[PDB]
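In the UniProt record's numbering, the protein residues as written are 408 to 529.
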């Protein structure tokens, strides 16, 4: 039950679970397409292929554990995710915006957050 534009976790070998957004889902044969959320991304870069079985929903019970695991070697980076996802969920929840995470990242309303990130690389 992974829908397109949903937020998920994915683990590449040797790497910790990282958040991502779903772009394609091949519902009827166990595979999906996904793109990592990270401080600087291209939201128009096509989604690399995974399998449904390997995805956790972003808001699963494991969340807090998964987020700490990432803060081991990627504190600043996992920070950049949480900033974006959190900022996106505010616009959504406080009514200021209605599109998808990727649309958030491309729109002018992400600016104030992308600025902090992009510059933090400074």
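Note that CB positions come from ideal geometry on N, CA and C, so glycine has one too.
| Asked | Found |
| --- | --- |
| Residue range of the unbroken alpha helix (DSSP H) whose run includes residue 521 | 518-527 |
| Entirely enclosed beta strand (DSSP E) segments - the region 436-510, minimum 3 residues | 438-443, 455-458 |
| 9 Å Cβ cutoff met for residue 440 and residue 453 | yes |
| Residue environment, residue 426, which counts as buried when at least 16 other CB atoms sit within 10 Å | buried |
| Three-state secondary structure (DSSP) of residue 427 | strand |
| Touch test, the region 475-494 against the region 511-524, Cβ-Cβ under 8 Å, three pairs minimum | yes |
| Given residue 491 as reference, the closest of 479, 502, 458, 507 once Cα atoms are compared | 507 |
| Residue from 422, 434, 423 whose Cα sits closest to the Cα of residue 411 | 434 |
| Span of the beta strand (DSSP E), counted from its first residue to its last, around residue 415 | 414-417 |
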